[PDB]
Amino acid sequence: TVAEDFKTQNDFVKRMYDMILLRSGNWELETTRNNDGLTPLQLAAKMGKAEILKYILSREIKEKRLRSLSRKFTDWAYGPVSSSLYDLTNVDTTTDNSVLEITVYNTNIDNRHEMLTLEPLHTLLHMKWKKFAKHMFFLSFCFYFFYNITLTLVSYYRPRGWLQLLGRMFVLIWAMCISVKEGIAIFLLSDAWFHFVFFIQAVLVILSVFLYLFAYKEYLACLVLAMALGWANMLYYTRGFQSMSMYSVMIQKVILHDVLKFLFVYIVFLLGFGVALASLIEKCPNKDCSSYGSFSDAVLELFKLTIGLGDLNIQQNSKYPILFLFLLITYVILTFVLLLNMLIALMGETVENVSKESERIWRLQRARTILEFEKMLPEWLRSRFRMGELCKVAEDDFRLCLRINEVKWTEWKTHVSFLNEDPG
Amino acid sequence: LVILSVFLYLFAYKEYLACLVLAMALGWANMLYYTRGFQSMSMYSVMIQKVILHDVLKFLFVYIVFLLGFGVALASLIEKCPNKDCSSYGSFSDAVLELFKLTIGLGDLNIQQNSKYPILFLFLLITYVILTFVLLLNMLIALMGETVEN
Amino acid sequence: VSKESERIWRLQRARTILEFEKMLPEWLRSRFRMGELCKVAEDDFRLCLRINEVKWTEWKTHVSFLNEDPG
Ligand SMILES: COc1ncnc(OC)c1C(=O)Nc1nc(C(F)(F)F)c(-c2ccnc(C(C)(C)C#N)c2)s1
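Residues numbered from 1 in each chain as written, not as in the entry; some residues may be left out. Chains lettered and ligands numbered in written order. Part of a larger assembly, values for the part shown. Heavy atoms only, no water. Residues with missing side-chain atoms left out of burial classes, pairs and counts.

- Per the deposited record, the coordinates in this entry were obtained by cryo-EM to a resolution of 3.64 Å.

Below, the structure written as structure tokens:
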């Protein structure tokens, strides 16, 4: 509980941990749980104590009589090569609250970008991934892409059972099941709003098709909005590979961080300059003789001017043409300045930490997806996957383990401890 | 390409100009291999080439997906005109053309596209132009912060 | 930009706070009266402003304090 971080403590608490642990030599201390139902390992997992965690997960005790207390046994070393045999007793998500499911599902610590790089956690995520999660995730991407192309074709070929029944029933069933899935996912408590938006798009599709079946011709709006939103939601599934991961997540960073506040201030610009210009206008005796007519007209022209399609004509039937021209030049200049300010905000600030934030968000979303798929599978298939092996380390321990080969040329040591004398 | 074009010119197939002009363009592009010899030209040519291959291509893919989705959306929002040319977003390819011109800044924003829900159509169009603007900004950061180091 | 923005904002906030400080009457200002009382000397009882802190680096046998019983 009191272990904070090396920069503020010099990490004596890890030393005292080792001392007190191997002094009372047994699993008495690590096995008890507190009134929150957590063990010291699970506890350091619940909080964000990375140092204590990195110690407990990979703790090697090389003394003979206390070797059974370790959670990493170099069992195979021959030279600069070696095969550390980590432990997966309460880390492998096969318990109520594992260290891994805690480290991934605890979003109120804000340090996981480091904790999910620890000794067995990182490679266990990697192994679960390459075993089943890559396959299930790519399958989900393919199903969603086909559902999206079917929404697109249904939208294009709206009525101005070949095209109607097949596609409409398929989108109905897919949308209803994914909506129930996302909704029950909401009921658990830029990280996980994709549940919100997926559920919203699915309900949009289902409402659109139900209204199409019903006596309401206002279904096309819902349908086309659902299509544009599903194509937006493809952003979730383009988190996968390194290029698309970085691309999608920095697009998200732009969209949410900066362009939104830029849009807010620009809409304030629009409101103010629109009311000003429409207040400067004079009614034409040929009212269409000046495009800045009603308020909404002026706002439209100002929009087009920002994008570069409006027209600058000094004869807007003004009463003070110089002042009106001044206000209009002011608006275009200031929105130009807001464009420049946005450019600097996204070209100087994020560019430093974009590489790191992209990677940490990629990693956290991969952890969440892997652990979610892990639940989506039945007990028998999960036991059929069962990352890790068996390994004898004590008189009779035979606790699960996870081999990790390694190579280190720096620290040469006469090997003294191993499980197998002969390297396999 | 050049040899096939000139052979077809000699042959009895007068659809050769396509091959010939495309070959001239491809050669003027292959001038890159020779303008990556001199030092200033080496740096210039190869940072152009790294832009082209690294980033504008993925930008083009995602922007093509933008175009396709927004084109089918807009063309599914349109209503037939009884003066069918009374709305530029007519057939699909027409809508894609206008959306391209909007991205380069040549299209026309007229709210009266013979829509049935003009507010929603205008919303989708503003969404497309804003999102392709955002893709331009994202591309700009990807080529102005990352590559500039190495 | 990151540093200049914060320094100019901090200057502005200080100016606004001290501004408002004067905009209020004497009675209300005395009703605010940041700080508390505290006895340090034989009879000092000057104003003071508590600040809790946490430092794990420098361990020292504490020798000086006003209230031996920590509250
Ligand atoms: C890759 O995306 C696509 N691929 C192919 N076709 C497409 O459109 C048909 C699309 C697409 O962008 N769809 C969209 N729908 C909507 C909505 F109106 F629901 F909000 C979009 C929207 C609107 C406003 N602010 C955002 C932010 C900035 C938060 C983001 N992000 C997103 S975007």
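Picking up after the structure, the text goes on.
Here we look at the overall build of chain C
Here is step 1: Looking only at helices and strands, one finds two helices and two strands in chain C.
Here is step 2: Mapped from its N terminus to its C terminus, chain C presents α and β elements in the order α-α-β-β.
Here is step 3: Over its C-alpha trace chain C gives a radius of gyration of 19 Å, far above what one expects of a compact globule, namely 11 Å for 71 residues.
Here is step 4: In terms of overall dimensions, chain C has a C-alpha envelope of 45 × 40 × 20 Å along the principal axes. (Helix = DSSP H or I, 4+ residues; strand = E, 2+ residues; numbered from the N terminus. Rg over C-alpha atoms; globule rule 2.2 N^0.38 Å.)

What to know about the interface of chain B and chain A
Here is step 1: Listed by partner, the interface residues are 35 residues for chain B and 30 residues for chain A.
Here is step 2: Secondary structure elements with two or more residues in the side of chain B that touches chain A: helix 4 (56–77) and helix 6 (118–146) of chain B.
Here is step 3: The leading source of residues in the side of chain B that touches chain A is helix 6 of chain B, at 16 residues.
Here is step 4: When its residues are assigned to classes, the side of chain B that touches chain A shows 26 nonpolar, six polar and three charged. (Contact = heavy atoms within 4.5 Å. Nonpolar A, V, L, I, M, F, W, Y, C, P; charged D, E, K, R; others polar.)

A word on the pattern of salt bridges
Here is step 1: With its nearest N and O atoms 3.1 Å apart, the salt bridge here joins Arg 360 of chain A to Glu 357 of chain A. Of the two residues, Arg 360 of chain A and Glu 357 of chain A are both situated in helix 14 (residues 321–376); the distance of three residues between them amounts to about one turn of the helix.
Here is step 2: Of the charged contacts, one joins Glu 79 of chain B and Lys 116 of chain B as a salt bridge, the two residues approaching to 3.1 Å between their closest N and O atoms. (Salt bridge = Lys/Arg side-chain N within 4 Å of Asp/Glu carboxyl O.)

Overview of the side chain of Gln 42 of chain A
Here is step 1: Mapped onto the secondary structure, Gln 42 of chain A falls in helix 4 (residues 40–46).
Here is step 2: Those residues in contact with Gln 42 of chain A that sit more than four places away from it in its chain are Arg 33, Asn 97, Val 99 and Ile 102 of chain A.

Describing the packing of aromatic side chains
Here is step 1: With 6.0 Å between their ring centres and 45 degrees between their planes, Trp 129 of chain A and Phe 137 of chain A make a pair best called tilted.
Here is step 2: Each ring, one from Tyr 212 of chain A and one from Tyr 219 of chain A, has its centre 5.3 Å from the other, and the planes form 45 degrees; the classification is tilted.
Here is step 3: Between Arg 366 of chain A and the ring centre of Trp 129 of chain A, over which it is positioned, the NZ or CZ distance is 3.8 Å.
Here is step 4: Its guanidinium or amino end placed over the ring of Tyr 9 of chain B, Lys 14 of chain B lies 5.7 Å from that ring's centre, counting from NZ or CZ. (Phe/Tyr/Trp six-rings, centres within 6.5 Å; stacked < 30°, edge-to-face > 60°. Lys NZ or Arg CZ within 6 Å of the ring centre and 35° of its normal.)

Focus: the arrangement of the chains
Here is step 1: Here the protein chains form two pairs of chains in contact, of which the pair with the most contacts is chains A and B.
Here is step 2: The two units chain B and chain C never meet; even their closest C-alpha atoms stay 17 Å apart.

What about the UniProt feature "transmembrane region" (unreviewed entry) in chain A?
All names here are of chain A.
Here is step 1: In the UniProt entry, the feature "transmembrane region" (unreviewed entry) is given for residues 136–157, 162–189, 192–213, 219–238, 259–281 and 322–346.
Here is step 2: Helix and strand shares over residues 192–213 are 91% and 0% respectively, and the end C-alpha atoms of the span are 33 Å apart.
Here is step 3: When the span residues 219–238 is considered, its composition is 95% helix and 0% strand, and the gap between its end C-alpha atoms is 29 Å. (UniProt positions renumbered as here; feature names shortened; annotations may be inferred.)

What to know about the packing of helix 11 (residues 219–237) of chain A against helix 6 of chain B
In a packed pair of helices, the relevant descriptors are the angle between the two axes and the axis-to-axis distance.
Here is step 1: Where helix 11 of chain A contacts helix 6 of chain B, the axes come no closer than 11 Å and their chain directions differ by 10 degrees. Classified by the angle their axes make, helix 11 of chain A and helix 6 of chain B are roughly parallel. For the pair formed by helix 11 of chain A and helix 6 of chain B, the contact residues are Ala 221, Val 224 and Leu 225 of chain A on the first element and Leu 120, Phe 123 and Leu 124 of chain B on the second.
Here is step 2: Within the contact of helix 11 of chain A with helix 6 of chain B, the residues separate by chemical class into six nonpolar, no polar and no charged. (Axes fitted to C-alpha atoms, helices over the stretch in contact; angles between N-to-C directions. Parallel < 35°, antiparallel > 145°, perpendicular 65-115°, else oblique.)

Re the sheet that holds strand 3 (residues 401–407) of chain A
Sheet strands associate in pairs through backbone hydrogen bonding, adopting either a parallel or an antiparallel arrangement.
Residue and element names in this part refer to chain A.
Here is step 1: An order of 1-2-3 is seen for the three strands of this open sheet, with the pairing classed as antiparallel. For this open sheet the edge positions go to strand 1 (72–74) and strand 3, each flanked by a neighbour on one side alone. Going across the sheet, the axis of each strand differs from the next one's by a mean of 25 degrees, ignoring polarity.
Here is step 2: Lying over the sheet, helix 8 (residues 119–156) contacts strand 2 (81–87) and strand 3, oriented at roughly 105 degrees with respect to strand 3. (Pairing = 2+ DSSP bridges.)

Re unusual backbone geometry
All names here are of chain A.
Here is step 1: If you check the backbone angles, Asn 10 has positive phi at about 60 degrees while not being a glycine.
Here is step 2: Tracing the chain through its elements places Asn 10 in the loop between helix 1 (6–9) and helix 2 (13–23).
Here is step 3: Residue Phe 398 is not a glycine yet carries a positive backbone phi of 50 degrees.
Here is step 4: With respect to the element layout, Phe 398 can be found in the loop between helix 15 (379–385) and strand 3.

Let's talk about the environment of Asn 110 of chain B
All names here are of chain B.
Here is step 1: Position of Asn 110 among the secondary structure elements: in the loop between helix 5 (92–104) and helix 6.
Here is step 2: Along the chain, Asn 110 and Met 144 lie 34 residues apart, while their C-alpha atoms are 35 Å from each other.
Here is step 3: At a separation of 3.0 Å, a polar atom in the side chain of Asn 110 contacts the main-chain amide nitrogen of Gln 112. (Polar contact = N/O pair within 3.5 Å; in protein donor to acceptor, adjacent residues only side chain to side chain.)

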